[PDB]
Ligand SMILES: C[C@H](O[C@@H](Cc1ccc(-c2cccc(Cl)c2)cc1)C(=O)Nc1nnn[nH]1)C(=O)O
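What follows is one chain in structure tokens, specifically the form solved without this ligand.
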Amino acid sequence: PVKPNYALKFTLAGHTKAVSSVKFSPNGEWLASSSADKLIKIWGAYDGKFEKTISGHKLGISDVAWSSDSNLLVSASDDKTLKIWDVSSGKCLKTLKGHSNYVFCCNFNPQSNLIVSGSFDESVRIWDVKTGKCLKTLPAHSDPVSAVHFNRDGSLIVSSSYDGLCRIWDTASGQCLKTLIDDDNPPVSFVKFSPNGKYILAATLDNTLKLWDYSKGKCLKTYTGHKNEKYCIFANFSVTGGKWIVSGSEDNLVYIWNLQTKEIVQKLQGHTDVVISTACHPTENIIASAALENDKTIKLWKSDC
């Protein structure tokens, strides 16, 4: 396919403040959302049907992430903690304490025995899921950490920060293996590995996404056309159909680029505030998007390709 044709299927209302993050469960059945309203909500991935609310954080939530078996969630909160949740029972299994300021980002490793987190306190922490203990504190950056992500076999962590750096860490040793420096260093507002783990996708607050070969330490692709100067917006690799890059934008649109040609192939209209988060379904051509305070809704979009 040369262009996808995503169309709005469902609009999911329920959060009473800005939505911060949406994530599809690895088994494809569910969507989790986090919000400034201190809640996690679970929704059906295919019908958008509200399932349940998970509560417990004392302040807003900035991020949520699924374990690989789709049975657990981890959330990152302004209350300086992460919480590990059993989704079926709703129970908080562990409260991960150690960060000294807002926790902004989180992720399980593929094995899901570890959680990585990034904080306003400028550190990256690695946690043991089963014990709830912090295993390593990495002196990762000199400004708030905007994103953290494990690669495909969990051996590496990538982190990004308003200090303008992306760094690659050895999970086991905690050593910094790579620092990515462009010809300039605008604040990096998001980063994640490509599915094959050979690239990293990095968002910067100069309306630019970049695809890096992080080993070579060189930029391969650049994506522009959207607006991103203020917020940390999630971006994605869409791989179920055509190979796209997907991102939210501060002009209330979802942007989709051809990964190879860097050309915009679709802009999804519907939201009425900044689209802060997008997620791509693991097996179907489905995108979830979520918006900030003036909108508060989550949208599910489906394409034939």
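Residue positions are given as counts along the sequence shown, with the first one as 1.
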Review point. In the PDB record, does 205-213 or 77-85 carry the higher mean Cα temperature factor?
Key: 205-213
Practice item. Report the stretch with the higher mean CA temperature factor, choosing between 123-131 and 176-184 on the basis of the entry. Key: 176-184
Review point. Among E250, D47, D63, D69, where is the Cα temperature factor highest, going by the PDB entry?
Key: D47
**Study point:** Among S277, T240, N236, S35 - the residue whose C-alpha B-factor is largest in the record
**Key:** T240
Check your understanding: C-alpha B factor of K17, ranked within the chain: lowest, middle or highest third?
Key -> highest
Study note, to complete from the structure: Chain thirds by Cα B factor, record data; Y223 belongs to the highest
Check your understanding: According to the PDB entry, is the CA B factor of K262 in the bottom, middle or top third of its chain, that is, lowest, middle or highest?
Key -> highest
Review point. Going by what the PDB entry lists, where does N101 fall on CA B-factor within its chain: lowest, middle or highest third?
Key: highest
**Study point:** CA B-factor ranking of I40, expressed as a third of its chain
**Key:** lowest
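Although not depicted, the form solved in complex with this ligand is the subject of the following passage.
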Review point. Can this ligand, laid in as it sits in the deposited complex by superposing nearby C-alphas, fit this form, that is, is the pocket open, or is it blocked with 3 or more ligand atoms within 2.4 Å of backbone or C-beta atoms?
Key: blocked
Review point. With the partner left out of view, is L211 within 4.5 angstroms of this ligand in the deposited complex by any non-hydrogen atom?
Key: yes
**Study point:** Touches this ligand in the deposited complex: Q260 (any heavy atom, 4.5 Å)
**Key:** yes
Practice item. Indicate whether this ligand has at least one heavy atom within 4.5 Å of a heavy atom of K91 in the deposited complex. Key: no
Check your understanding: Should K198 be classed as touching this ligand in the deposited complex when contacts are defined as heavy atoms within 4.5 Å?
Key -> yes
**Study point:** Candidate stretches 108-116, 219-227, 173-181, 80-88, one within 4.5 Å of this ligand in the deposited complex by heavy atom
**Key:** 219-227
Exercise for review: Counting non-hydrogen atoms within 4.5 angstroms of this ligand in the deposited complex, say which of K243, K52, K58, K49 makes the cut.
Suggested key: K243
Point to revise | in the deposited complex, the residue from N207, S123, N71, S194 that sits within 4.5 Å of this ligand by heavy atoms | key: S194
